[PDB]
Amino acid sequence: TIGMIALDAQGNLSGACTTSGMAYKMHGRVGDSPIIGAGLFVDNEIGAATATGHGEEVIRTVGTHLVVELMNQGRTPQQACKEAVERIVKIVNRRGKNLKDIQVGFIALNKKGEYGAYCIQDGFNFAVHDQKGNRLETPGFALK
């Protein structure tokens, strides 16, 4: 999967999410990537977010809509991604599952061009390009 979100020179947000899905999935299997609350959400009055990972968990938590509503409530993009990850962590536990068996990463942007990310497990990076250049950055993770 790749998810991509941008803020342009006009101050407008947009995003895209595209995937081939889980290798060797059952025919007709769809994950979170084409689902507007889940793999991608954009509200031009607030911010944008995109996700990747185990599709099942992003879907079950409607994750990017959550990240954007958190930004709406006053969280920074980084805080929003973190709190959304922490909700998946609590649900995984409530389900009696093992956190090691799931990976989700969120990235987020607000109107001001602030940005942030958080993920379940180490090993997820994201790329950010602004007028200072293109950088590969490594966000915080829950599973320590």
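Counting begins at 1, following the sequence as shown.
Between the stretches 55-63 and 30-38, it is 55-63 that shows the larger average CA temperature factor. Checked against the record, the higher mean CA B factor of 9-17 and 129-137 lies with 129-137. Across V89, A49, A80, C119, the entry's maximum B-factor at the CA atom is seen for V89. Among all modelled residues in its chain, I107 ranks in the lowest third by Cα B-factor. Compared with the other modelled residues of the chain, the Cα B-factor recorded for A84 ranks in the middle third. Compared with the other modelled residues of the chain, the Cα B-factor recorded for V68 ranks in the lowest third.
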